[PDB]
């Protein structure tokens, strides 16, 4: 249907690459002698000329950019991020794909108001994967993410570097953060505030930039795909501008939780809100050609209900040079890793129905705000459980995200006979798309930390009002590991704290080297992640 947003100079701006986020300093952990990387991120408003000939867009973003700066953290190193709210609305940051403790996981009610900050303590022990950090505050997640609070967080492993995949952030390892938004006639953003069904958007962005291009060499590149849209699911494929309907083959090497066992040969990649898929595409056969990254119409080939606009078929253009400056020395191994699948269970699965109770998106008839009823499962730490995630509807789709765990996709049924499990769903994931009349069974090890965590639809509109619930990963009184201060997300010890803007800008008071050091060392003494020492 007709584009609403003003006309855009398609494919004339280079793909922006988000700068790497650098820690301010390191703090010696008095428990294990090791350095903790400490960072400071300031949430704050800014403007961006999106359309060159019109007014500007009002955004609010981590370090006043969008997308957020990219974190690059090696397994083994613990990090503390101080997220400082200097905006006009509260925040709650969730590091998606990290088994953070409940109070550092971005619980929706665990907000930081403007004029406050919170110290997030992260383990970085899991399999190398593409995480992302984004807002998760109650009722306002959609608008906070839409206005720029999402960013990449790369967890790296020397062991994976030996696979010799295309490499170098910004070089031959390119982030591909997808979003879909709408613009007023003067090039400002059309707000999500008030939308209750779904906010599709008619302008496709990669890394913050509408319909860009990138000059690439005829060799192999690693693409880290993130669907950071509020509501738009994609069906991604590559095509020569000479043969715009003819899909070029590629390899999917990683899902949400890391590498697959083996590259999945693919020419169409379904990707819904909050899914990460890492792709290697070889441009060597297309020297001198232009390859368009494109999006499937017909509501993602009838899997979805998403509205399609004039140019939502288009994502970006790669302009391929005649030669490489240097030889492509990278490979894509047949065998990537041994995926740590959970031990199968024959325990009878729990059922969760993603539907509508009146005007409200619900889980098993319950809305997240209904505190009395929103705790839908107690699961003893260490248990494997199967959860049957059921979309009965033909008029909505739901990418379901379960915090804490990595899970395996066991099965998919479709009431429209559309599909079952995809080859790129062969690995470990933390989000799964319930397409039209789809029911999916997933299997997860509820481990290794006790605490109350969220699960929900990752359609941010549906998520806000109000398709979100909670599980408690429980332990018995004899357990230890300081679990008493770490199962309640609202725990006082970990709550946001006020700051004066002058302290922060001068790096004094609470922000002195000495005070940061006192704070981190104290946090580290509680030993948040001891139970995952092997």
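Numbering follows the first chain given and starts at 1.
Engineer: Read off the CA B-factors in the entry, average them over 133-141 and over 242-250, and name the higher stretch.
Structural biologist: If you average the C-alpha B-factors of 133-141 and of 242-250, the larger mean comes out for 242-250.
Engineer: Can you tell me whether 430-438 has a higher mean C-alpha B factor than 377-385 in this record, or the other way round?
Structural biologist: Between 430-438 and 377-385, it is 377-385.
Engineer: Check the PDB entry and point out which of 457, 228, 162, 461 has the largest C-alpha temperature factor.
Structural biologist: Among 457, 228, 162, 461, the highest C-alpha B-factor in the entry belongs to 162.
Engineer: Hey, out of 111, 402, 203, 87, whose CA B-factor is highest in the deposited coordinates?
Structural biologist: That would be 87.
Engineer: Could you look up the Cα B-factor of residue 289 in the entry and say which third of the chain it sits in: lowest, middle or highest?
Structural biologist: According to the entry, residue 289 has a C-alpha B-factor in the chain's highest third.
Engineer: Check where residue 63 lands among this chain's C-alpha B-factors and tell me if it's the lowest, middle or highest third.
Structural biologist: According to the entry, residue 63 has a C-alpha B-factor in the chain's lowest third.
Engineer: Lowest, middle or highest third: which one holds residue 322 when the chain's residues are ordered by CA B-factor from the entry?
Structural biologist: Highest third of the chain for residue 322's C-alpha B-factor.
Engineer: Among the chain's modelled residues, which third holds the C-alpha B-factor of residue 339?
Structural biologist: As the PDB entry reports it, the C-alpha B-factor of residue 339 lands in the highest third of its chain.
Engineer: By the recorded C-alpha temperature factor, relative to the other modelled residues in its chain, which third is residue 26 in?
Structural biologist: CA B-factor rank for residue 26: highest third.
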